[PDB]
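Starting off, we have a lone chain in the form deposited in one PDB entry, written out as structure tokens.
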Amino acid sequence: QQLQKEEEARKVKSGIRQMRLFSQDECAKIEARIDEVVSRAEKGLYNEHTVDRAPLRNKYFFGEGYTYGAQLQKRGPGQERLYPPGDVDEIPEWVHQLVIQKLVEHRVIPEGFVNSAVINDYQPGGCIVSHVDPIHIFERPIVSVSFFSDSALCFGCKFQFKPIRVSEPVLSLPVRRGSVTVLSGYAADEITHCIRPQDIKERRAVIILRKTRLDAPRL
């Protein structure tokens, strides 16, 4: 039914906020700090679980990190876990001053909301498989700031492998460098979101800021 597809896409749009908030100079300053994050990881200055490496995507966990995918035995809903307290490195002060301060000042999230800053560094062709950020781990909303290039955030995609094949998205949301994305409601809880390899044509980094639940399970 045209009525059915229009309703779900309407539901997904309802949970999406997106606006330009960082200028080119401000991205350049933050992107430089992101490059230093990569350098410190390759110098071994970070705790073991702070750095999660994959062929075309690295995750740098600060404040709070999580286990996902192949790191889970008997993967299923509710099987994700936080690392033990103090395991991952602290949120860097430049993340507090440059990124979170602007979000708090521009009323994107309340002050003291963020306790987890995760940086996803995508190499050209990189992706992340369709998923819902664990409801048992993270409070809503989910805030992310994009850097180094423009891309798209797709919703409701189905992944096939060998080779990687992605079905037609329910919604493709262009995310540009310096743009802030806020997910809530249906867009965050009742539909998966992903980024496709065809959307990453250059190196792209995104800083994801969240609040972990009080009852969030740890390892």
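Residues that one form lacks are left out of the comparison. One rule holds for the numbers: they count along the sequence shown, beginning at 1. We call the rigid core whatever largest set of C-alpha positions still superposes within 1.5 Å between the two forms.
- Where the other entries of this protein model the residues before and after it, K74 is dropped from at least a third of them.
- The mean C-alpha temperature factor is higher for 21 to 29 when 203 to 211 and 21 to 29 are set side by side.
- Annotation for 39 to 47 versus 63 to 71: the higher mean temperature factor (C-alpha) is found in 39 to 47.
- Across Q160, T192, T181, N58, the entry's maximum B-factor at the CA atom is seen for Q160.
- For the set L153, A188, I164, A54, the PDB entry assigns the largest Cα B-factor to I164.
- When all modelled residues of the chain are sorted by CA temperature factor, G78 is found within the highest third.
- Among all modelled residues in its chain, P141 ranks in the lowest third by Cα B-factor.
- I135: CA B factor lies in the highest third for its chain, per the PDB record.
- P85: CA B factor in the highest third of modelled residues in this chain (values from the PDB entry).
- In the PDB entry, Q123 places in the middle third of its chain by CA B-factor.
FYI, the form deposited in another entry isn't displayed, but the following is about it.
- Superposed on the rigid core, the two forms differ between the shown form and the other one by 2 Å or more at the C-alpha of one listed residue only; from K158, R177, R57, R40 that residue is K158.
- In comparison with the shown form, the Cα-Cα distance of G156 and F161 decreases by at least 3 angstroms in that other deposited form.
- Closer approach of the C-alpha atoms of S144 and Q160, by 3 angstroms or more, is seen in that other deposited form than in the present form.
- Comparing the shared residues between the shown form and the other one on a common core, the stretches of 3 or more consecutive C-alphas each displaced by at least 2 Å are 1 to 7, 68 to 71, 158 to 167, listed in sequence order.
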